[PDB]
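In what follows, a single structure is set out as structure tokens and then discussed.
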Amino acid sequence: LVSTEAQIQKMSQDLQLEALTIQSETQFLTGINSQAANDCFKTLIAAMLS
Amino acid sequence: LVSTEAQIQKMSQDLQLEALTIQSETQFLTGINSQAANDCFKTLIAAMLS
Amino acid sequence: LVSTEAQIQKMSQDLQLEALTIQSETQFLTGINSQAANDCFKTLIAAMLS
Amino acid sequence: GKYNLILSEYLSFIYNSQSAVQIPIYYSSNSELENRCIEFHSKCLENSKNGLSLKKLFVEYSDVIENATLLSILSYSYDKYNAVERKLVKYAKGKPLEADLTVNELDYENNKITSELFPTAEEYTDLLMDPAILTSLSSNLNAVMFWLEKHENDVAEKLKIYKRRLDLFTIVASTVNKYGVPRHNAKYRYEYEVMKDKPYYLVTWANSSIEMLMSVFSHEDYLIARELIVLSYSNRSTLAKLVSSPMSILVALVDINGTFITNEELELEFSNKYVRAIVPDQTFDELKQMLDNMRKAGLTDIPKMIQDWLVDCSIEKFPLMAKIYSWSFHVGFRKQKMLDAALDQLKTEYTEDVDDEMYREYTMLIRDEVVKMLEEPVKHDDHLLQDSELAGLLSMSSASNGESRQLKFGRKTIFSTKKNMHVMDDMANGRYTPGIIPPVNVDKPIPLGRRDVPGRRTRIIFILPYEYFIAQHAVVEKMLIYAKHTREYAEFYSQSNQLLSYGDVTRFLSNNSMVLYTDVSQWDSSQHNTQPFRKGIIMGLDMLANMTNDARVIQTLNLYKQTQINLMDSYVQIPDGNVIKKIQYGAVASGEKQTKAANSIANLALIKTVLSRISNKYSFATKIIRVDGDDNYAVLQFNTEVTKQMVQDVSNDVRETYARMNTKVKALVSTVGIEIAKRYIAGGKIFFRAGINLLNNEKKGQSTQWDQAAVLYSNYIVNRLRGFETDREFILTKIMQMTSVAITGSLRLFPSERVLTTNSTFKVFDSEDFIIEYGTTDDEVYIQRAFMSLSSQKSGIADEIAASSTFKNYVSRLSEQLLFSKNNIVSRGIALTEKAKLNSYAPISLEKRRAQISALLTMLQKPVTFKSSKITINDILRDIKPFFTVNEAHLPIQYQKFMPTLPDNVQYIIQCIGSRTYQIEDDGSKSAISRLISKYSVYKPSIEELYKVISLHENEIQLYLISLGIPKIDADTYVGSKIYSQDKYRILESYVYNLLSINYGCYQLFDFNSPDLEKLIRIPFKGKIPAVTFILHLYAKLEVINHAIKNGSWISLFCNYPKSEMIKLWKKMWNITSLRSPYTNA
Amino acid sequence: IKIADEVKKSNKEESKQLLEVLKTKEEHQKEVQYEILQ
Amino acid sequence: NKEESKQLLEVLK
RNA sequence: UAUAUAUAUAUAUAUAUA
RNA sequence: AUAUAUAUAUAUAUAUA
Ligand SMILES: Nc1nc2c(ncn2[C@@H]2O[C@H](COP(=O)(O)OP(=O)(O)OP(=O)(O)O)[C@@H](O)[C@H]2O)c(=O)[nH]1
Ligand SMILES: O=c1ccn([C@@H]2O[C@H](COP(=O)(O)OP(=O)(O)OP(=O)(O)O)[C@@H](O)[C@H]2O)c(=O)[nH]1
């Protein structure tokens, strides 16, 4: 996989994440890790197969 | 009701409140709580029935 | 009179003051108090009467 | 911790009695564990008061040992007599070294018995042999004997380190035991009644010998330490220079394979050029005569090492040759008498048959350089030359004056010699003339001082009166500004890193080029420095008296001319016996303000002439002439390739042409490397001197043991990075004795690892070497506030002098001369500068530091209960630290190592991320007031005073700016534009870049903006809260290196620092200081 | 200003940022009234 | 005697 | 349809250098 | 009863009745 520490950094520069502002773009980064990449690839294949 | 913790948290992103800037949008969150919800549903009805 | 603690707090929102910079709108609020409106009302009437 | 384990075995060695006990003291951040610490410390004081053990108590209170951290270890020792000599005879097995007598050219410098070298008691000056360190010989022998019993049973590799440090100890111990260990006083000064039968230079020999045998690691080290310990008992004079001699020649033999380079704007590149080393046959005949002077001196294992290297001439074995040169300076200082050091220096032979055709060009080249340095600040009437009386007096060095004067400050009279204290007396009694400087002639001569070099003959130095500082401050502060914007003077190449500054040597080195490094035998007292150097400068102030028009820029330029007329003839005042000897000395005065700004003029303007006369035979094209006082080089680029005859015929034409100006010199030329400072470019790899005497100071200081134990460690980390590995188990053993404090009789208090290694005023040594570690755990940030609470102390001497009628008459006479107004924010701001300037006086700063440590003893005998909510540097890093996520990452070795003497755990960082490319300057912005005050007035205010000014009224900022001397339209353009409001956010941000250091003993070598450290640091970016952004990318860049030094592996961080925690940290960074910041937390 | 108690005692990050933005507005509105007095 | 130190050294170890 | 400008704080101690 | 100049970098520390 693309490294989960190297992807949220690039995802924090495509957005304009800035402090001293309550943005709705801070929540674009929650729940991104490699444990949930191997969990959604499995529950999509294994739900269609059963 | 929709939870007053999870509503001002949702209202403060549609407003884009900015720290270090005195806006007229920081006052939209005054008096938003679940105790003045059941105090305005009643004053609107109990004044009509009397 | 209008209370000068609440007249500035409304005037400092139409102007949209931003901290950490030098704007030309923090000078719009200088010299506004009740000791001056009560002193500029007299310097206009009592200088026309004499 | 490892240091606590060395503590509890040092106690079990020095106190081998059943009457001895050790009581550990503990503290903790928990309020519950503090009451666990109070009850434990109370019971070990009652049970060990009456003969009850502690093995039944450490199990009952094992809830505090494994959880709280150690504060100190108390030591009960009912030992009446020191048992040093009782365990010295166990190692005193060898034959005692008999001293030699025919090896020195003097009598007092020979190693004779002190009864025969000094006949009676009264003429015993210990200042020839005094180590002047605050340890003893009796404490050094316990520091080696502790090491020689811990490492007795060793494995088959570590045994040979122990064995080579034992046969070198039987040389020391069997000589000390023959005469007995000398007993010092309480001031660590060896008296006469104990040195009656001992040989002179036994303390300073056995102190310099113990420093050597705690550095013998390999068999290449043992052959040097065997032939220097035996010989330094005999000849104290010639030995340090005979071994250190061929390293000036041996730097010219090695080839260049791949070298560093610095380009013109000082930044580091890497070059790959291959340059041969071309030496004639008169270098190998000058090297054989440097290896026969080392054979007549007795040593025979060193020139066998050099002659086994001359058949190689390779850079792979040059770390052995740099080791031999560095072990030479560890034999101890060459201290001699004040009479024989001056009269051998102030003796010189002048000659009227000198080439006068060469002096009138040398005088003119000094004339055209002094005018070139001051044509701009004199034609425009500068703000510092117009105030030469004040800018020289308000910023006055307070080191010393010539004589001892009975100064009377109100009630407390004091015998001081400090220079700013003489100004306060003479401005009170009216015997102070501003425009008259006193003549140093046959009446009122110049007093003398001395400075001791570890291998050089003891030199003298000149202490001019204070009126020769006010005359010379303003002009020479304008000559140091031009020395930082010229490519020739070596104030330009002066940075933190050493590859950047001394790396312009290897820019023009090729095979058609010839480098030329010359060292004059003595730069003071040369023939070309008496008359043609003064009269070249006096002529330069005649053409500068026509450049301006003021009555005040001429008057300060008629004082800087008057100090050169008065020094053309001079006299030095040196006493001997009961007579005072006045010696005429018209040459240059090492000790003025002028002594470095005019040793870079007089040596550039000399070598610009001697490079002109050798161009009658060889036509070349010189590239750089860098000059640093005496030590200068000058690269010459030729037409043909440089051969073995053009090197010989230039070294015979620079030596002879310097002899035409009666300047005795040796002139060395090479094509590969020089020795400009003590930093040596050899084969494209910079090699350093690495000789710092740990256990021998050149002079006794104004410091206590707790501060001299820090400079024992600070002289070790510089010695280790430069290639001289002293054993860390001996340095740690020597800190446990210097930081010892005797509370009562028979009770010593020893601080733990957490008292010494923490980041505070009471810092001695870092936990792991070469790195600063700010301890973010809760038991270690809590004790930092316990040490930052008592650092603010008051001394009673400095407050009896600050309320006198003399010190107030000096501030009010200095505040009236500066400002033509009334304001007291400067009079209360000048008086806080001279109260801070009086710390150079010895009993003031000693009563500051002794009130630091005697108030620490009340904190160390008890568990600490001081709870305070102060924001520290170590509290910022407690909030950043839980948001770092480490991950192991691999990183290759790309860049090349340029310093081969570095240790392995530091060199691996340089080979991965690279040596430093450019000196990072990220100091934010200076405030707009300090660019408005420092441009008109010469008063530089502190940044805690400019914040006090801004918070005043609008009409009280303008009164302050007009007070200093600023015109009205300039302050009213400042104040009216409301840029005093923007300077609240540039003073408060100026303390953020001051906070954390990218420079240290070790951190200067690395490249912090490297594209291999920026690959591991993965921090998401937030546009606002700029102060937090700097401290995140700096602490992340420091955390990877502090991990990669300790363990040799690289980690890659990820700091998703949330927006709610940045604004909590943004106000923590603005509230470190003690002033009103607009944004606080709570 | 006058925020409910369910937000002040919260623990999510998005309800912690709101409190440390309404706090730096009242620490800036109190400061622009002091700058007038300057 | 020195039986106390070997029980006190390993407290720190 | 619009996201400000600007390079040498001071003092003492300590080491490296001249 | 008490002697240690000047400059250049670098680091540590400090400012308050
Ligand atoms: N008393 C004293 N002890 C020192 C001194 N310097 C170092 N020590 C320590 O004392 C040990 C040597 O014994 P001594 O120097 O005679 O000190 P002591 O045991 O207190 O005996 P006295 O000096 O007579 O008080 C060494 O191992 C050091 O740890 C000192 O100046 N005075
Ligand atoms: O403490 C010092 C050291 C040096 N200097 C100044 O630096 C000059 C050069 O200092 P050097 O140490 O190079 O002098 P030198 O040439 O006499 O040395 P040797 O060959 O005898 O080993 C000196 O002549 C003096 O002007 C000082 O002013 N103060």
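Letters A, B, ... go to the chains of the structure tokens in the order shown; residues in each chain start at 1; ligands are counted from 1 in the same order.
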
* Dump the neighbourhood of ligand 2 as a PyMOL selection string: all residues within 9 Å, distances computed on only C-alpha atoms (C1' of nucleotides) and all ligand atoms. => (chain D and resi 345+450-453+455-457+459-462+519-525+588-592+594-596+598-599+628-631+665+677) or (chain G and resi 17-18) or (chain H and resi 5-7)

* ligand 1 neighbours within 10 Å using only C-alpha atoms (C1' of nucleotides) and all ligand atoms, as number ranges by chain -> D: 10-11, 13-15, 77-84, 134-143, 146, 183-189, 733-734, 736-742, 745-748

* To do: Tell me, as a ChimeraX atom specification, which residues lie within 10 Å of residue 103 of chain D, counting only C-alpha atoms (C1' of nucleotides); anything in the same chain fewer than 3 positions away does not count.
  => /D:99-100,106,109-111,234-239,297

Atoms to include: N, CA, C and O atoms. Write the selected residues as an mmCIF file, in the first residue's frame.
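Full text of part_9.cif as output:
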```cif
data_model
loop_
_atom_site.group_PDB
_atom_site.id
_atom_site.type_symbol
_atom_site.label_atom_id
_atom_site.label_comp_id
_atom_site.auth_asym_id
_atom_site.auth_seq_id
_atom_site.Cartn_x
_atom_site.Cartn_y
_atom_site.Cartn_z
ATOM 1 N N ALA D 99 64.723 11.556 38.063
ATOM 2 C CA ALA D 99 64.691 12.706 37.177
ATOM 3 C C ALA D 99 66.057 12.943 36.548
ATOM 4 O O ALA D 99 67.099 12.557 37.084
ATOM 5 N N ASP D 100 66.041 13.584 35.388
ATOM 6 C CA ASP D 100 67.255 14.025 34.726
ATOM 7 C C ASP D 100 67.437 15.518 34.962
ATOM 8 O O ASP D 100 66.493 16.237 35.293
ATOM 9 N N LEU D 106 67.319 26.091 31.544
ATOM 10 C CA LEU D 106 67.153 26.928 32.718
ATOM 11 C C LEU D 106 67.392 26.099 33.976
ATOM 12 O O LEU D 106 67.787 24.930 33.913
ATOM 13 N N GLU D 109 63.116 25.494 35.608
ATOM 14 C CA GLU D 109 62.288 24.651 34.761
ATOM 15 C C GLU D 109 62.787 23.213 34.741
ATOM 16 O O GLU D 109 62.100 22.333 34.216
ATOM 17 N N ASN D 110 63.952 22.954 35.322
ATOM 18 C CA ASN D 110 64.445 21.601 35.503
ATOM 19 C C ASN D 110 63.651 20.901 36.602
ATOM 20 O O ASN D 110 62.958 21.534 37.400
ATOM 21 N N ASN D 111 63.750 19.574 36.638
ATOM 22 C CA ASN D 111 63.010 18.781 37.621
ATOM 23 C C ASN D 111 63.943 18.450 38.784
ATOM 24 O O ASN D 111 64.429 17.331 38.934
ATOM 25 N N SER D 234 61.290 14.572 32.875
ATOM 26 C CA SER D 234 62.636 15.115 32.732
ATOM 27 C C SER D 234 62.652 16.511 32.120
ATOM 28 O O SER D 234 63.108 17.458 32.765
ATOM 29 N N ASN D 235 62.158 16.669 30.889
ATOM 30 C CA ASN D 235 62.221 17.957 30.201
ATOM 31 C C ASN D 235 60.819 18.529 30.068
ATOM 32 O O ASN D 235 60.004 18.032 29.287
ATOM 33 N N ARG D 236 60.552 19.584 30.828
ATOM 34 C CA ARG D 236 59.263 20.250 30.772
ATOM 35 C C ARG D 236 59.184 21.277 29.653
ATOM 36 O O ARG D 236 58.085 21.738 29.332
ATOM 37 N N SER D 237 60.317 21.649 29.060
ATOM 38 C CA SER D 237 60.354 22.723 28.073
ATOM 39 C C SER D 237 60.309 22.215 26.635
ATOM 40 O O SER D 237 59.361 22.508 25.903
ATOM 41 N N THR D 238 61.309 21.442 26.221
ATOM 42 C CA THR D 238 61.459 21.123 24.808
ATOM 43 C C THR D 238 60.512 20.041 24.312
ATOM 44 O O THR D 238 60.363 19.908 23.096
ATOM 45 N N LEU D 239 59.866 19.284 25.201
ATOM 46 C CA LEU D 239 59.187 18.060 24.777
ATOM 47 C C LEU D 239 57.916 18.352 23.993
ATOM 48 O O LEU D 239 57.601 17.642 23.032
ATOM 49 N N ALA D 297 66.346 13.781 22.063
ATOM 50 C CA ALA D 297 65.528 14.023 23.241
ATOM 51 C C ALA D 297 65.153 12.749 23.981
ATOM 52 O O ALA D 297 64.512 12.835 25.031
#
```

Sorted by chain and rising residue number, list the residues of chain D at most 6 Å from chain G (counting only C-alpha atoms (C1' of nucleotides)), each with its closest atom pair and distance in Å to one decimal, as JSON lines.
```
{"residue": "D:629", "atom": "CA", "partner": "G:18", "partner_atom": "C1'", "distance": 5.6}
{"residue": "D:836", "atom": "CA", "partner": "G:11", "partner_atom": "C1'", "distance": 5.5}
{"residue": "D:837", "atom": "CA", "partner": "G:11", "partner_atom": "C1'", "distance": 5.5}
{"residue": "D:839", "atom": "CA", "partner": "G:12", "partner_atom": "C1'", "distance": 5.5}
{"residue": "D:840", "atom": "CA", "partner": "G:12", "partner_atom": "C1'", "distance": 5.8}
{"residue": "D:942", "atom": "CA", "partner": "G:9", "partner_atom": "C1'", "distance": 5.3}
{"residue": "D:943", "atom": "CA", "partner": "G:9", "partner_atom": "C1'", "distance": 5.9}
```

Residues as selected, N, CA, C and O atoms, written as a tab-separated table (two decimals), in the first residue's frame, can you do that?
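Writing the result to selection.tsv gives the following:
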```tsv
chain	number	residue	atom	x	y	z
D	629	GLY	N	45.60	37.64	11.48
D	629	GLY	CA	46.70	38.04	12.33
D	629	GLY	C	48.02	37.67	11.69
D	629	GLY	O	48.34	38.11	10.58
D	836	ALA	N	24.62	44.55	35.91
D	836	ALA	CA	24.96	43.30	35.24
D	836	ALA	C	26.41	43.27	34.80
D	836	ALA	O	26.99	42.18	34.69
D	837	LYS	N	27.02	44.43	34.55
D	837	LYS	CA	28.42	44.46	34.14
D	837	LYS	C	29.37	44.19	35.30
D	837	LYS	O	30.52	43.82	35.07
D	839	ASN	N	29.32	41.75	37.30
D	839	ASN	CA	29.50	40.33	37.58
D	839	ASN	C	30.90	39.85	37.24
D	839	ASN	O	31.27	38.74	37.64
D	840	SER	N	31.70	40.64	36.52
D	840	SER	CA	33.06	40.23	36.22
D	840	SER	C	33.97	40.36	37.42
D	840	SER	O	35.06	39.77	37.42
D	942	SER	N	17.51	46.64	25.80
D	942	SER	CA	17.10	45.25	25.87
D	942	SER	C	15.66	45.10	25.40
D	942	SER	O	14.86	46.02	25.50
D	943	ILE	N	15.34	43.91	24.88
D	943	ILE	CA	14.01	43.68	24.31
D	943	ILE	C	12.92	43.53	25.35
D	943	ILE	O	11.74	43.45	24.99
```

* Up to 9 Å from chain D, what residues of chain E turn up? Count only C-alpha atoms and give them as a PyMOL selection string. => chain E and resi 13-21+23-24+27-28+31+35+37-38

Hey, could you make a per-residue contact list for chain C against chain G with 10 Å as the cut-off, showing the nearest pair of atoms and its distance in Å to one decimal, counting only C-alpha atoms (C1' of nucleotides), sorted by chain and number, as CSV?
```
residue,atom,partner,partner_atom,distance
C:21,CA,G:4,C1',7.2
C:22,CA,G:4,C1',8.3
C:23,CA,G:4,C1',9.2
```

For the residues in the current selection, export N, CA and C atoms as a PDB file, in the first residue's frame.
```pdb
ATOM      1  N   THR C  21      -2.399  41.876  12.301  1.00  0.00           N
ATOM      2  CA  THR C  21      -2.053  42.789  11.221  1.00  0.00           C
ATOM      3  C   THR C  21      -2.272  44.219  11.692  1.00  0.00           C
ATOM      4  N   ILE C  22      -1.830  45.167  10.875  1.00  0.00           N
ATOM      5  CA  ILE C  22      -2.132  46.577  11.075  1.00  0.00           C
ATOM      6  C   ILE C  22      -3.105  47.004   9.980  1.00  0.00           C
ATOM      7  N   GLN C  23      -4.373  47.108  10.348  1.00  0.00           N
ATOM      8  CA  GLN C  23      -5.405  47.599   9.454  1.00  0.00           C
ATOM      9  C   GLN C  23      -5.718  49.052   9.743  1.00  0.00           C
TER      10      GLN C  23
END
```

Which chain A residues have any atom within 7 Å of an atom of chain D, and for each, what is the nearest pair of atoms with distance in Å to one decimal, counting only C-alpha atoms, rows sorted by chain and number, as a Markdown table?
```
| residue | atom | partner | partner_atom | distance |
| --- | --- | --- | --- | --- |
| A:5 | CA | D:1054 | CA | 6.3 |
| A:6 | CA | D:1018 | CA | 6.8 |
| A:9 | CA | D:1020 | CA | 4.8 |
| A:12 | CA | D:1020 | CA | 5.7 |
| A:13 | CA | D:1021 | CA | 6.9 |
| A:17 | CA | D:1022 | CA | 5.3 |
| A:18 | CA | D:1022 | CA | 4.1 |
| A:19 | CA | D:1024 | CA | 5.2 |
| A:20 | CA | D:1024 | CA | 6.3 |
```

Using backbone DSSP assignments, extract all helix (DSSP H, G or I) residues from chain E; output them as a PDB file with N, CA and C atoms, in the first residue's frame.
```pdb
ATOM      1  N   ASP E   5     -23.497  23.344  27.999  1.00  0.00           N
ATOM      2  CA  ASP E   5     -22.595  22.559  28.836  1.00  0.00           C
ATOM      3  C   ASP E   5     -22.180  21.250  28.176  1.00  0.00           C
ATOM      4  N   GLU E   6     -22.948  20.765  27.200  1.00  0.00           N
ATOM      5  CA  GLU E   6     -22.572  19.547  26.492  1.00  0.00           C
ATOM      6  C   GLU E   6     -21.374  19.752  25.577  1.00  0.00           C
ATOM      7  N   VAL E   7     -21.056  20.994  25.222  1.00  0.00           N
ATOM      8  CA  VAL E   7     -19.879  21.271  24.409  1.00  0.00           C
ATOM      9  C   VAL E   7     -18.662  21.585  25.279  1.00  0.00           C
ATOM     10  N   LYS E   8     -18.863  22.234  26.429  1.00  0.00           N
ATOM     11  CA  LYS E   8     -17.736  22.625  27.272  1.00  0.00           C
ATOM     12  C   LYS E   8     -17.065  21.431  27.941  1.00  0.00           C
ATOM     13  N   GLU E  14     -13.390  18.087  17.512  1.00  0.00           N
ATOM     14  CA  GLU E  14     -14.088  19.167  16.833  1.00  0.00           C
ATOM     15  C   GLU E  14     -14.872  20.033  17.811  1.00  0.00           C
ATOM     16  N   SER E  15     -15.148  19.536  19.010  1.00  0.00           N
ATOM     17  CA  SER E  15     -15.728  20.357  20.058  1.00  0.00           C
ATOM     18  C   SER E  15     -14.680  20.917  21.004  1.00  0.00           C
ATOM     19  N   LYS E  16     -13.404  20.596  20.798  1.00  0.00           N
ATOM     20  CA  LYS E  16     -12.327  21.268  21.513  1.00  0.00           C
ATOM     21  C   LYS E  16     -11.767  22.438  20.730  1.00  0.00           C
ATOM     22  N   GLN E  17     -11.788  22.353  19.401  1.00  0.00           N
ATOM     23  CA  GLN E  17     -11.330  23.458  18.574  1.00  0.00           C
ATOM     24  C   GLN E  17     -12.272  24.641  18.669  1.00  0.00           C
ATOM     25  N   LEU E  19     -13.999  25.592  21.289  1.00  0.00           N
ATOM     26  CA  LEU E  19     -13.780  26.315  22.534  1.00  0.00           C
ATOM     27  C   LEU E  19     -12.496  27.127  22.500  1.00  0.00           C
ATOM     28  N   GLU E  20     -11.462  26.636  21.825  1.00  0.00           N
ATOM     29  CA  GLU E  20     -10.224  27.387  21.692  1.00  0.00           C
ATOM     30  C   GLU E  20     -10.205  28.274  20.457  1.00  0.00           C
ATOM     31  N   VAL E  21     -11.366  28.545  19.865  1.00  0.00           N
ATOM     32  CA  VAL E  21     -11.537  29.637  18.924  1.00  0.00           C
ATOM     33  C   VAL E  21     -12.429  30.726  19.509  1.00  0.00           C
ATOM     34  N   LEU E  22     -13.481  30.336  20.230  1.00  0.00           N
ATOM     35  CA  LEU E  22     -14.261  31.314  20.975  1.00  0.00           C
ATOM     36  C   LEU E  22     -13.490  31.900  22.148  1.00  0.00           C
ATOM     37  N   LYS E  23     -12.438  31.233  22.617  1.00  0.00           N
ATOM     38  CA  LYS E  23     -11.630  31.824  23.672  1.00  0.00           C
ATOM     39  C   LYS E  23     -10.658  32.853  23.114  1.00  0.00           C
ATOM     40  N   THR E  24     -10.091  32.612  21.931  1.00  0.00           N
ATOM     41  CA  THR E  24      -9.193  33.604  21.352  1.00  0.00           C
ATOM     42  C   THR E  24      -9.927  34.731  20.649  1.00  0.00           C
ATOM     43  N   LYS E  25     -11.247  34.648  20.502  1.00  0.00           N
ATOM     44  CA  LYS E  25     -11.991  35.827  20.081  1.00  0.00           C
ATOM     45  C   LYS E  25     -12.240  36.757  21.260  1.00  0.00           C
ATOM     46  N   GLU E  26     -12.609  36.203  22.420  1.00  0.00           N
ATOM     47  CA  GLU E  26     -12.782  37.025  23.612  1.00  0.00           C
ATOM     48  C   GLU E  26     -11.459  37.479  24.201  1.00  0.00           C
ATOM     49  N   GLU E  27     -10.352  36.859  23.816  1.00  0.00           N
ATOM     50  CA  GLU E  27      -9.040  37.357  24.190  1.00  0.00           C
ATOM     51  C   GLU E  27      -8.488  38.332  23.170  1.00  0.00           C
ATOM     52  N   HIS E  28      -9.175  38.502  22.046  1.00  0.00           N
ATOM     53  CA  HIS E  28      -8.863  39.529  21.067  1.00  0.00           C
ATOM     54  C   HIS E  28      -9.843  40.688  21.113  1.00  0.00           C
ATOM     55  N   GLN E  29     -11.107  40.427  21.439  1.00  0.00           N
ATOM     56  CA  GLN E  29     -12.059  41.513  21.632  1.00  0.00           C
ATOM     57  C   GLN E  29     -11.748  42.305  22.892  1.00  0.00           C
ATOM     58  N   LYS E  30     -11.236  41.646  23.933  1.00  0.00           N
ATOM     59  CA  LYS E  30     -10.786  42.366  25.118  1.00  0.00           C
ATOM     60  C   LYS E  30      -9.498  43.129  24.870  1.00  0.00           C
ATOM     61  N   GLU E  31      -8.766  42.798  23.813  1.00  0.00           N
ATOM     62  CA  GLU E  31      -7.494  43.448  23.545  1.00  0.00           C
ATOM     63  C   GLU E  31      -7.633  44.633  22.605  1.00  0.00           C
ATOM     64  N   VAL E  32      -8.660  44.655  21.756  1.00  0.00           N
ATOM     65  CA  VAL E  32      -8.859  45.821  20.904  1.00  0.00           C
ATOM     66  C   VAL E  32      -9.531  46.955  21.669  1.00  0.00           C
ATOM     67  N   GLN E  33     -10.117  46.676  22.836  1.00  0.00           N
ATOM     68  CA  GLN E  33     -10.587  47.746  23.702  1.00  0.00           C
ATOM     69  C   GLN E  33      -9.470  48.323  24.548  1.00  0.00           C
ATOM     70  N   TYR E  34      -8.380  47.579  24.730  1.00  0.00           N
ATOM     71  CA  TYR E  34      -7.208  48.110  25.413  1.00  0.00           C
ATOM     72  C   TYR E  34      -6.335  48.920  24.467  1.00  0.00           C
ATOM     73  N   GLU E  35      -6.315  48.551  23.189  1.00  0.00           N
ATOM     74  CA  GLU E  35      -5.547  49.291  22.196  1.00  0.00           C
ATOM     75  C   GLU E  35      -6.131  50.671  21.933  1.00  0.00           C
ATOM     76  N   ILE E  36      -7.441  50.834  22.122  1.00  0.00           N
ATOM     77  CA  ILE E  36      -8.060  52.152  22.043  1.00  0.00           C
ATOM     78  C   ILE E  36      -7.561  53.034  23.176  1.00  0.00           C
ATOM     79  N   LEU E  37      -7.435  52.465  24.377  1.00  0.00           N
ATOM     80  CA  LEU E  37      -6.930  53.207  25.527  1.00  0.00           C
ATOM     81  C   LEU E  37      -5.451  53.545  25.399  1.00  0.00           C
TER      82      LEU E  37
END
```

* Pick from B:16, B:43, B:38, B:50 nearest to chain E, counting only C-alpha atoms -> B:16

* To do: Select all residues from chain D having any atom no more than 9 Å from an atom of chain F (counting only C-alpha atoms, ignoring ligands), output as a ChimeraX atom specification.
  => /D:1,4-5,8-9,11-12,16-19,21-22,53-55,58,65-66

* To do: Determine, counting only C-alpha atoms (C1' of nucleotides), which protein, DNA and RNA residues have an atom within 7 Å of an atom of residue 417 of chain D; residues of the same chain fewer than 5 positions away are not included. Present the result as a ChimeraX atom specification.
  => /D:400-401,403-405

Let me see the file: selected residues, C-alpha atoms, as a tab-separated table (two decimals), in the first residue's frame.
```
chain	number	residue	atom	x	y	z
D	400	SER	CA	41.10	44.46	34.12
D	401	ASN	CA	43.23	47.58	34.28
D	403	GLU	CA	47.15	48.46	38.72
D	404	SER	CA	45.35	47.66	41.95
D	405	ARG	CA	43.52	50.73	43.25
```
